[PDB]
Amino acid sequence: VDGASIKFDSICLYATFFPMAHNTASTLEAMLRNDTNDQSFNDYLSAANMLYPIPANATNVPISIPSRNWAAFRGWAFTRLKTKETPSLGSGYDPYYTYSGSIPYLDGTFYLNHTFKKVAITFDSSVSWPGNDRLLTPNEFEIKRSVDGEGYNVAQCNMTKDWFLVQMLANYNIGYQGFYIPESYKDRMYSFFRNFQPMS
Amino acid sequence: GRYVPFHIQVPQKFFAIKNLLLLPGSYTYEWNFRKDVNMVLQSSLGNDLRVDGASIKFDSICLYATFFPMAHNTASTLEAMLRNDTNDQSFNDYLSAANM
Amino acid sequence: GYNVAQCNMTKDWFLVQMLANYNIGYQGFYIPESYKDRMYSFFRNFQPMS
Amino acid sequence: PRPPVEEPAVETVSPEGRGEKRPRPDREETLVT
Amino acid sequence: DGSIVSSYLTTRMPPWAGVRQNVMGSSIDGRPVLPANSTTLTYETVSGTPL
Amino acid sequence: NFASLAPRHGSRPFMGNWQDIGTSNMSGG
Amino acid sequence: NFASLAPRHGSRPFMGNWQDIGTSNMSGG
Amino acid sequence: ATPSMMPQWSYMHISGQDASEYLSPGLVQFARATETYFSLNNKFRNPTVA
Amino acid sequence: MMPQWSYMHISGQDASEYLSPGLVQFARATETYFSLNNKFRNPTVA
Amino acid sequence: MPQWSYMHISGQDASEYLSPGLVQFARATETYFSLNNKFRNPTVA
Amino acid sequence: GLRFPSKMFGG
Amino acid sequence: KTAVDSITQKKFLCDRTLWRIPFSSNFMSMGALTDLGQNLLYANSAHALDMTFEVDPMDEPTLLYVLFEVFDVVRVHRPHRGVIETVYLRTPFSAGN
Amino acid sequence: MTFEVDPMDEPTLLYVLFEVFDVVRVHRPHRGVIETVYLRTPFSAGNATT
Amino acid sequence: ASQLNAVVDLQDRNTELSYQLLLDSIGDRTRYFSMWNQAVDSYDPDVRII
């Protein structure tokens, strides 16, 4: 609506070639065409990415995965987005996406992490995960509390002691032998302790 | 504000029990905490906070301890190895100084 | 259309200067690490403008 | 905390983890110490 | 409306507070607690009288 | 053995270094 | 073998590396 | 979908051998020689197993 | 003097040497997730 | 070339052309009296 | 080298 | 000296990050293929999943972006000249017929 | 030791670190037994008088 | 020869977030690279938290 427009004049594909010797580049070609020498990559995110809608002023968000193989499952990672700030990428054009700010779904600029209270994970309608009396509240992942009377918070904020233990172990392997500042190569930009700023 | 209900997690600094891996057993663990507002608090002017109305009150103190969920045959082997007199855990103060 | 970096430096010369200093350019251009990217080097000081 | 070490006893400093010129970023390949 | 309530699949009730109903609660001594839809339950609030 | 307690980078257990078993740091010593 | 000139880390001398004796530092290569 | 997921975790290199072990010994010997100027390191999936 | 410096590990063997070989093999395997490294004193001798 | 080898532009590294007693001396005293930058190593492409 | 494990998110 | 009867508010802001919950038996990273993904329970049988999120209320339609972390892997085979063949397999949430 | 300092119009202290080996060795032979031996040298805190 | 697409792309993949999180782990992210327009979105830390 605001008159911005992009128009492509001419687009070229460039490709930089290493000037390898022709007996070396034929030996590497012949080795890399074997079945045992197949080049195998992985996606860095390595995740099936599911968007579940939350209505306005909605507190409880129940989801379900019907019945699947769970072999080689790695874990969960979740962040609340906005429907205004997330395009429908399944179509080639989203006419109802009237927003040109930062896209947290694509840029990685997530900011609604603090808007979570707790998470419950139950496999197979009865097996509460992690179970096994692991956490201080073992049937749920209390991320933050609004009323603390039993004193289960860290860092002079409302983040709980279960969830600070989980997030310092998910990122850093820190928590069973004391909490401390992780070294700066483990503590990247999109990591936990780099961005966790408690307030009062 | 002036009136701050706090909620703090205070580490352990005594070097013999700062990195100690306790083997199984029932241990008492007693500690004395200060209420001195010139010691437990720091002002940016250095004024006497006893005259200046600062006061601390301790409601309750809880000892927390995060266990590694080690397997009961692995943690029985690690227990049995660390009770030998050659596997004694030996520590050193980082300052390692006499203070006069 | 032979310019890099949204400036007027060419694509031949940006390849040569990223290979003279960093061995970067035949397997993709990226930011060299800070121990290789010293003060008097190319990428520390290259400032493309418009 | 300690630089890498070979054991031939004598105690020999190992050259692994040192910085090099690489055509590809070194963090995705190795650990740089 | 004319529709059938509830025609959707009902997920069972989570066994913790702030989910079951959105009625104004009460503290342990009778102080009024605002519902779970309130913005004031997005932080924690603590009271303490000094010495 | 205690080598089945280590993560396998490939088919080999990723054993930690022998030099990381003790601490040696003091105040300049 | 000049191992009594090396600081003992433990019971063994902390000898250096053979390959560190020279230098190859040069501007641009 | 398979009761033993190992033949396709080893095929896709989810749980198996390092690239020093499943590749041909000439390609591993090639990639060590050319490592400073033509990196073949990130072209192959190396699994880590808990 | 010297018999009690080797007892308290002021001068003597490193933790790779005086510890039992089952504990050193344990501490290398579990090094990434359960570190036993800062529990034992390594003497450095001038 | 015999003059690149004399000036160590090409040839053996300092662990190889030096006397083996000096290599063991510079390897032992490396932490407090470094002899490493006194001897030139060739880097041959 | 070829023994370095592959970069994945969170493991 | 005339300070009001105050009440304390505490919260946190943690931008740029994803709330990682690892599917490991001790919440640690002992490998990319965790010990519960290799478990006899979760590999030799099929399980349902019922996740339940309690969030803060917002006066705006919001989304929930859950990452079910898988092994999204390609293997590229090039047997002859001009022939390139890719085989894709992500586990658990495979998308192949 | 003979220190010479600048004069200050305030009662000041002098904090000398006599650097020692403040070392503890911890033995736990049985369940619930915690035996420690402390020793520092030169400035030991135990002699034949105690 | 074959016209058979080697890109079997999926609708519930996020290639962009896979690449934004990749550059954090393989390189320094506060640095600016104008050729790929690699300049990370960063709020001012004194404006967000007063």
# chains A, B, ... in the order shown; residues from 1 in each chain; ligands from 1

$ residues_around --residues "residue E:40" --least-positions-apart "6" --cutoff "12 Å" --atoms "only C-alpha atoms" --output "list in words"
residues 145, 146 and 147 of chain A; 33 and 34 of chain E; 9, 10, 11, 56, 57 and 58 of chain L

$ write_last_selection --atoms "C-alpha atoms" --output "PDB file, in the first residue's frame"
ATOM      1  CA  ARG A 145       5.433 -18.348  38.148  1.00  0.00           C
ATOM      2  CA  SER A 146       3.097 -15.478  38.989  1.00  0.00           C
ATOM      3  CA  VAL A 147       2.790 -16.384  42.685  1.00  0.00           C
TER       4      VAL A 147
ATOM      5  CA  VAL E  33      -6.656 -13.002  43.286  1.00  0.00           C
ATOM      6  CA  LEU E  34      -7.271 -11.811  39.732  1.00  0.00           C
TER       7      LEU E  34
ATOM      8  CA  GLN L   9       7.507  -6.997  40.515  1.00  0.00           C
ATOM      9  CA  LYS L  10       9.886  -9.535  38.962  1.00  0.00           C
ATOM     10  CA  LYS L  11      10.084 -10.834  35.394  1.00  0.00           C
ATOM     11  CA  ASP L  56       0.415 -15.498  28.796  1.00  0.00           C
ATOM     12  CA  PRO L  57      -2.731 -13.903  27.332  1.00  0.00           C
ATOM     13  CA  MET L  58      -2.215 -11.386  24.529  1.00  0.00           C
TER      14      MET L  58
END

$ calpha_fit_and_write --fixed "chain F" --moving "chain G" --output "mmCIF file with C-alpha atoms, in the first residue's frame"
data_model
loop_
_atom_site.group_PDB
_atom_site.id
_atom_site.type_symbol
_atom_site.label_atom_id
_atom_site.label_comp_id
_atom_site.auth_asym_id
_atom_site.auth_seq_id
_atom_site.Cartn_x
_atom_site.Cartn_y
_atom_site.Cartn_z
ATOM 1 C CA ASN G 1 37.021 -49.690 30.313
ATOM 2 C CA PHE G 2 34.068 -47.312 30.833
ATOM 3 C CA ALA G 3 33.969 -46.538 27.100
ATOM 4 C CA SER G 4 30.238 -47.255 26.984
ATOM 5 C CA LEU G 5 29.785 -44.122 29.110
ATOM 6 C CA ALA G 6 31.388 -41.858 26.460
ATOM 7 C CA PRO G 7 29.450 -40.266 23.599
ATOM 8 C CA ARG G 8 30.277 -42.059 20.363
ATOM 9 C CA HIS G 9 31.657 -39.745 17.724
ATOM 10 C CA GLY G 10 31.205 -42.122 14.835
ATOM 11 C CA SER G 11 31.955 -45.684 15.866
ATOM 12 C CA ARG G 12 34.526 -44.837 18.555
ATOM 13 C CA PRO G 13 34.085 -43.335 22.033
ATOM 14 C CA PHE G 14 35.018 -39.691 22.504
ATOM 15 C CA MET G 15 37.163 -40.310 25.554
ATOM 16 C CA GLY G 16 38.891 -37.395 27.222
ATOM 17 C CA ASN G 17 42.570 -36.938 27.887
ATOM 18 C CA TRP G 18 44.603 -38.519 30.678
ATOM 19 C CA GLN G 19 46.357 -35.261 31.532
ATOM 20 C CA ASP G 20 43.101 -33.356 32.169
ATOM 21 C CA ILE G 21 42.131 -35.288 35.305
ATOM 22 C CA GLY G 22 43.824 -32.970 37.807
ATOM 23 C CA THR G 23 43.984 -29.240 38.331
ATOM 24 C CA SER G 24 46.849 -26.803 38.861
ATOM 25 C CA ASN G 25 44.869 -23.560 39.015
ATOM 26 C CA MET G 26 46.451 -21.234 41.566
ATOM 27 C CA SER G 27 46.791 -17.473 41.911
ATOM 28 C CA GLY G 28 50.045 -16.417 40.292
ATOM 29 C CA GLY G 29 51.293 -19.922 39.530
#

$ select_by_dssp --residues "chain D" --states "helix (DSSP H, G or I)" --output "ChimeraX atom specification"
/D:26-29

$ interface_residues --of "chain D" --to "chain K" --cutoff "10 Å" --atoms "only C-alpha atoms" --output "PyMOL selection string"
chain D and resi 27-31

$ write_last_selection --atoms "N, CA and C atoms" --output "PDB file, in the first residue's frame"
ATOM      1  N   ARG D  27      35.193 -23.287  12.674  1.00  0.00           N
ATOM      2  CA  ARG D  27      34.369 -23.744  13.784  1.00  0.00           C
ATOM      3  C   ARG D  27      33.450 -24.884  13.352  1.00  0.00           C
ATOM      4  N   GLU D  28      33.011 -24.878  12.093  1.00  0.00           N
ATOM      5  CA  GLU D  28      32.137 -25.957  11.642  1.00  0.00           C
ATOM      6  C   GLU D  28      32.932 -27.231  11.382  1.00  0.00           C
ATOM      7  N   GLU D  29      34.253 -27.112  11.261  1.00  0.00           N
ATOM      8  CA  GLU D  29      35.081 -28.299  11.083  1.00  0.00           C
ATOM      9  C   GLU D  29      35.654 -28.780  12.411  1.00  0.00           C
ATOM     10  N   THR D  30      36.463 -27.950  13.070  1.00  0.00           N
ATOM     11  CA  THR D  30      37.236 -28.395  14.222  1.00  0.00           C
ATOM     12  C   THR D  30      36.949 -27.531  15.438  1.00  0.00           C
ATOM     13  N   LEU D  31      37.504 -27.939  16.577  1.00  0.00           N
ATOM     14  CA  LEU D  31      37.528 -27.085  17.755  1.00  0.00           C
ATOM     15  C   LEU D  31      38.856 -26.344  17.827  1.00  0.00           C
TER      16      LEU D  31
END

$ atom_distance --atom1 "atom CA of residue A:59" --atom2 "atom CA of residue E:5"
20.4 Å

$ closest_atom_pairs --of "chain I" --to "chain A" --cutoff "12 Å" --atoms "only C-alpha atoms" --output "tab-separated table"
residue	atom	partner	partner_atom	distance
I:31	CA	A:173	CA	11.1
I:32	CA	A:173	CA	8.1
I:33	CA	A:173	CA	6.5
I:34	CA	A:177	CA	7.7
I:35	CA	A:177	CA	8.1
I:36	CA	A:177	CA	9.7
I:37	CA	A:177	CA	11.4
I:38	CA	A:177	CA	10.7
I:39	CA	A:177	CA	11.4

$ write_last_selection --atoms "C-alpha atoms" --output "mmCIF file, in the first residue's frame"
data_model
loop_
_atom_site.group_PDB
_atom_site.id
_atom_site.type_symbol
_atom_site.label_atom_id
_atom_site.label_comp_id
_atom_site.auth_asym_id
_atom_site.auth_seq_id
_atom_site.Cartn_x
_atom_site.Cartn_y
_atom_site.Cartn_z
ATOM 1 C CA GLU I 31 34.341 -35.961 30.768
ATOM 2 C CA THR I 32 31.770 -34.247 28.543
ATOM 3 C CA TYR I 33 28.815 -34.598 30.923
ATOM 4 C CA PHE I 34 30.152 -35.418 34.426
ATOM 5 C CA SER I 35 33.578 -33.865 34.913
ATOM 6 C CA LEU I 36 35.901 -35.142 37.651
ATOM 7 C CA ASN I 37 38.748 -32.870 36.604
ATOM 8 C CA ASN I 38 38.810 -30.144 39.273
ATOM 9 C CA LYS I 39 38.520 -32.688 42.109
#

$ closest_residue --among "A:115, A:88, A:137, A:27" --to "chain L" --atoms "only C-alpha atoms"
A:115

$ atom_distance --atom1 "atom CA of residue L:85" --atom2 "atom CA of residue A:16"
22.8 Å

$ select_by_dssp --residues "chain F" --states "strand (DSSP E or B)" --output "list in words"
residues 8, 9, 12, 13 and 23 of chain F

$ write_last_selection --atoms "N, CA and C atoms" --output "compact mmCIF listing (two decimals), in the first residue's frame"
# COMPACT_ATOMS: atom_id res chain seq x y z
N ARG F 8 29.70 -41.74 21.27
CA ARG F 8 30.43 -42.33 20.16
C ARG F 8 30.44 -41.34 19.00
N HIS F 9 31.59 -40.73 18.75
CA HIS F 9 31.78 -39.95 17.53
C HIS F 9 32.19 -40.93 16.44
N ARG F 12 33.86 -45.10 17.43
CA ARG F 12 34.86 -44.87 18.46
C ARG F 12 34.26 -44.09 19.62
N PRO F 13 34.49 -44.51 20.85
CA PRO F 13 34.06 -43.69 21.99
C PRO F 13 34.91 -42.44 22.15
N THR F 23 43.54 -30.42 38.50
CA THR F 23 43.67 -28.97 38.43
C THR F 23 45.00 -28.54 39.03

$ interface_residues --of "chain A" --to "chain D" --cutoff "12 Å" --atoms "only C-alpha atoms" --output "PyMOL selection string"
chain A and resi 18+44+183+185-186

$ closest_residue --among "H:21, H:1, H:11, H:31" --to "chain F" --atoms "only C-alpha atoms"
H:21

$ residues_around --residues "stretch 162-168 of chain A" --least-positions-apart "3" --cutoff "7 Å" --atoms "only C-alpha atoms" --output "mmCIF file with N, CA and C atoms, in the first residue's frame"
data_model
loop_
_atom_site.group_PDB
_atom_site.id
_atom_site.type_symbol
_atom_site.label_atom_id
_atom_site.label_comp_id
_atom_site.auth_asym_id
_atom_site.auth_seq_id
_atom_site.Cartn_x
_atom_site.Cartn_y
_atom_site.Cartn_z
ATOM 1 N N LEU A 135 11.817 -33.481 37.934
ATOM 2 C CA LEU A 135 11.825 -32.059 38.211
ATOM 3 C C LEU A 135 11.292 -31.797 39.617
ATOM 4 N N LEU A 136 11.298 -30.524 40.018
ATOM 5 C CA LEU A 136 10.700 -30.143 41.292
ATOM 6 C C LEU A 136 9.180 -30.184 41.224
ATOM 7 N N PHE A 141 6.613 -28.590 32.899
ATOM 8 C CA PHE A 141 7.795 -27.740 32.800
ATOM 9 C C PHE A 141 7.386 -26.321 33.157
ATOM 10 N N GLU A 142 7.382 -26.009 34.453
ATOM 11 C CA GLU A 142 7.088 -24.650 34.899
ATOM 12 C C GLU A 142 8.189 -23.707 34.441
ATOM 13 N N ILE A 143 7.857 -22.840 33.490
ATOM 14 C CA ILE A 143 8.815 -21.882 32.954
ATOM 15 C C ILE A 143 8.887 -20.637 33.821
ATOM 16 N N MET A 159 11.591 -16.879 36.672
ATOM 17 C CA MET A 159 11.950 -18.148 36.051
ATOM 18 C C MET A 159 12.249 -19.190 37.120
ATOM 19 N N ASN A 171 21.589 -26.172 26.466
ATOM 20 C CA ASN A 171 22.516 -25.369 25.686
ATOM 21 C C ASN A 171 23.972 -25.615 26.042
ATOM 22 N N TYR A 172 24.265 -25.880 27.313
ATOM 23 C CA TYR A 172 25.589 -25.635 27.861
ATOM 24 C C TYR A 172 26.194 -26.811 28.606
ATOM 25 N N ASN A 173 25.414 -27.855 28.914
ATOM 26 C CA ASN A 173 25.788 -28.952 29.823
ATOM 27 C C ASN A 173 26.230 -28.427 31.186
ATOM 28 N N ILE A 174 25.513 -27.423 31.686
ATOM 29 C CA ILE A 174 25.804 -26.776 32.958
ATOM 30 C C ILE A 174 24.607 -26.968 33.877
ATOM 31 N N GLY A 175 24.860 -27.401 35.108
ATOM 32 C CA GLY A 175 23.782 -27.504 36.070
ATOM 33 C C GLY A 175 23.866 -28.623 37.083
ATOM 34 N N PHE A 192 20.925 -19.177 25.223
ATOM 35 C CA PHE A 192 20.083 -18.841 26.367
ATOM 36 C C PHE A 192 20.685 -17.733 27.222
ATOM 37 N N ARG L 20 14.684 -24.651 24.237
ATOM 38 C CA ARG L 20 15.107 -26.015 23.951
ATOM 39 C C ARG L 20 14.746 -26.934 25.111
ATOM 40 N N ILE L 21 13.971 -27.972 24.826
ATOM 41 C CA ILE L 21 13.792 -29.108 25.725
ATOM 42 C C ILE L 21 14.376 -30.334 25.032
ATOM 43 N N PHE L 27 18.581 -34.470 30.275
ATOM 44 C CA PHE L 27 18.475 -33.148 29.648
ATOM 45 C C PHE L 27 19.807 -32.617 29.133
#

$ residues_around --residues "stretch 94-100 of chain A" --least-positions-apart "6" --cutoff "8 Å" --atoms "only C-alpha atoms" --output "list in words"
residues 84, 85, 86, 87 and 88 of chain A

$ write_last_selection --atoms "N, CA and C atoms" --output "tab-separated table (two decimals), in the first residue's frame"
chain	number	residue	atom	x	y	z
A	84	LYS	N	0.23	-11.93	12.75
A	84	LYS	CA	0.51	-10.77	11.92
A	84	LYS	C	1.94	-10.80	11.38
A	85	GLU	N	2.88	-11.29	12.19
A	85	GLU	CA	4.30	-11.26	11.86
A	85	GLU	C	4.78	-12.58	11.28
A	86	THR	N	3.88	-13.38	10.73
A	86	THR	CA	4.28	-14.65	10.13
A	86	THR	C	3.54	-14.87	8.83
A	87	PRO	N	4.25	-14.98	7.71
A	87	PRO	CA	3.58	-15.18	6.42
A	87	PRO	C	3.16	-16.63	6.21
A	88	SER	N	2.21	-16.80	5.30
A	88	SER	CA	1.83	-18.13	4.83
A	88	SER	C	2.75	-18.46	3.67

$ decode --residues "stretch 2-25 of chain E" --atoms "N, CA, C and O atoms" --output "mmCIF file, in the first residue's frame"
data_model
loop_
_atom_site.group_PDB
_atom_site.id
_atom_site.type_symbol
_atom_site.label_atom_id
_atom_site.label_comp_id
_atom_site.auth_asym_id
_atom_site.auth_seq_id
_atom_site.Cartn_x
_atom_site.Cartn_y
_atom_site.Cartn_z
ATOM 1 N N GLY E 2 -27.408 -21.878 17.017
ATOM 2 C CA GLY E 2 -27.981 -23.001 16.309
ATOM 3 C C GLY E 2 -27.057 -24.188 16.158
ATOM 4 O O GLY E 2 -27.509 -25.249 15.709
ATOM 5 N N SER E 3 -25.789 -24.045 16.518
ATOM 6 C CA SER E 3 -24.816 -25.115 16.389
ATOM 7 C C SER E 3 -24.805 -25.983 17.644
ATOM 8 O O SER E 3 -25.430 -25.668 18.657
ATOM 9 N N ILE E 4 -24.077 -27.089 17.564
ATOM 10 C CA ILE E 4 -23.976 -28.052 18.655
ATOM 11 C C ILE E 4 -22.707 -27.758 19.440
ATOM 12 O O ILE E 4 -21.618 -27.657 18.864
ATOM 13 N N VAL E 5 -22.850 -27.609 20.753
ATOM 14 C CA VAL E 5 -21.726 -27.450 21.665
ATOM 15 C C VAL E 5 -21.582 -28.750 22.447
ATOM 16 O O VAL E 5 -22.526 -29.175 23.121
ATOM 17 N N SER E 6 -20.418 -29.396 22.367
ATOM 18 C CA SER E 6 -19.256 -28.922 21.622
ATOM 19 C C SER E 6 -18.917 -29.889 20.501
ATOM 20 O O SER E 6 -18.658 -31.065 20.743
ATOM 21 N N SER E 7 -18.921 -29.389 19.266
ATOM 22 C CA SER E 7 -18.670 -30.232 18.106
ATOM 23 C C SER E 7 -17.192 -30.497 17.864
ATOM 24 O O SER E 7 -16.861 -31.296 16.981
ATOM 25 N N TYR E 8 -16.308 -29.853 18.611
ATOM 26 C CA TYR E 8 -14.871 -30.009 18.465
ATOM 27 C C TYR E 8 -14.367 -31.094 19.407
ATOM 28 O O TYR E 8 -15.072 -31.546 20.311
ATOM 29 N N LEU E 9 -13.127 -31.516 19.184
ATOM 30 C CA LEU E 9 -12.520 -32.525 20.036
ATOM 31 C C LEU E 9 -12.051 -31.885 21.335
ATOM 32 O O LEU E 9 -11.253 -30.945 21.318
ATOM 33 N N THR E 10 -12.542 -32.399 22.458
ATOM 34 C CA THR E 10 -12.234 -31.839 23.766
ATOM 35 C C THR E 10 -10.965 -32.475 24.312
ATOM 36 O O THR E 10 -10.903 -33.696 24.495
ATOM 37 N N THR E 11 -9.955 -31.653 24.567
ATOM 38 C CA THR E 11 -8.756 -32.102 25.258
ATOM 39 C C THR E 11 -9.012 -32.017 26.757
ATOM 40 O O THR E 11 -9.654 -31.073 27.225
ATOM 41 N N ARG E 12 -8.536 -33.012 27.508
ATOM 42 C CA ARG E 12 -8.885 -33.132 28.914
ATOM 43 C C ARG E 12 -8.218 -32.041 29.748
ATOM 44 O O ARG E 12 -7.307 -31.340 29.300
ATOM 45 N N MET E 13 -8.687 -31.912 30.983
ATOM 46 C CA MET E 13 -8.339 -30.781 31.827
ATOM 47 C C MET E 13 -6.946 -30.969 32.414
ATOM 48 O O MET E 13 -6.674 -32.020 33.007
ATOM 49 N N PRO E 14 -6.046 -30.003 32.259
ATOM 50 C CA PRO E 14 -4.733 -30.078 32.907
ATOM 51 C C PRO E 14 -4.853 -29.958 34.415
ATOM 52 O O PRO E 14 -5.600 -29.109 34.923
ATOM 53 N N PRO E 15 -4.117 -30.776 35.172
ATOM 54 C CA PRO E 15 -4.317 -30.808 36.626
ATOM 55 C C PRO E 15 -3.522 -29.769 37.400
ATOM 56 O O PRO E 15 -2.949 -30.099 38.441
ATOM 57 N N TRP E 16 -3.481 -28.524 36.937
ATOM 58 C CA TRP E 16 -2.831 -27.461 37.689
ATOM 59 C C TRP E 16 -3.712 -26.220 37.659
ATOM 60 O O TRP E 16 -4.698 -26.147 36.922
ATOM 61 N N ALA E 17 -3.353 -25.241 38.484
ATOM 62 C CA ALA E 17 -4.203 -24.081 38.695
ATOM 63 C C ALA E 17 -4.117 -23.112 37.522
ATOM 64 O O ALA E 17 -3.153 -23.101 36.754
ATOM 65 N N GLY E 18 -5.152 -22.284 37.396
ATOM 66 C CA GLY E 18 -5.205 -21.276 36.358
ATOM 67 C C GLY E 18 -5.698 -21.760 35.016
ATOM 68 O O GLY E 18 -5.641 -21.002 34.042
ATOM 69 N N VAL E 19 -6.168 -23.003 34.925
ATOM 70 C CA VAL E 19 -6.665 -23.572 33.682
ATOM 71 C C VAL E 19 -8.139 -23.946 33.782
ATOM 72 O O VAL E 19 -8.903 -23.723 32.835
ATOM 73 N N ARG E 20 -8.557 -24.460 34.948
ATOM 74 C CA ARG E 20 -9.877 -25.072 35.130
ATOM 75 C C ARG E 20 -11.015 -24.086 34.876
ATOM 76 O O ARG E 20 -11.890 -24.340 34.042
ATOM 77 N N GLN E 21 -11.015 -22.955 35.576
ATOM 78 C CA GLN E 21 -11.919 -21.860 35.271
ATOM 79 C C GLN E 21 -11.156 -20.548 35.356
ATOM 80 O O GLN E 21 -10.029 -20.488 35.850
ATOM 81 N N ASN E 22 -11.792 -19.490 34.864
ATOM 82 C CA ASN E 22 -11.241 -18.142 34.880
ATOM 83 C C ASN E 22 -12.020 -17.238 35.829
ATOM 84 O O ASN E 22 -12.270 -16.068 35.543
ATOM 85 N N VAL E 23 -12.428 -17.791 36.962
ATOM 86 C CA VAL E 23 -13.099 -17.014 37.991
ATOM 87 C C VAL E 23 -12.042 -16.345 38.866
ATOM 88 O O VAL E 23 -10.908 -16.819 38.974
ATOM 89 N N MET E 24 -12.393 -15.187 39.436
ATOM 90 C CA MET E 24 -11.524 -14.528 40.404
ATOM 91 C C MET E 24 -11.305 -15.415 41.620
ATOM 92 O O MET E 24 -12.253 -15.789 42.313
ATOM 93 N N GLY E 25 -10.049 -15.756 41.869
ATOM 94 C CA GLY E 25 -9.683 -16.613 42.974
ATOM 95 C C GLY E 25 -9.577 -15.854 44.279
ATOM 96 O O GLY E 25 -10.096 -14.746 44.436
#
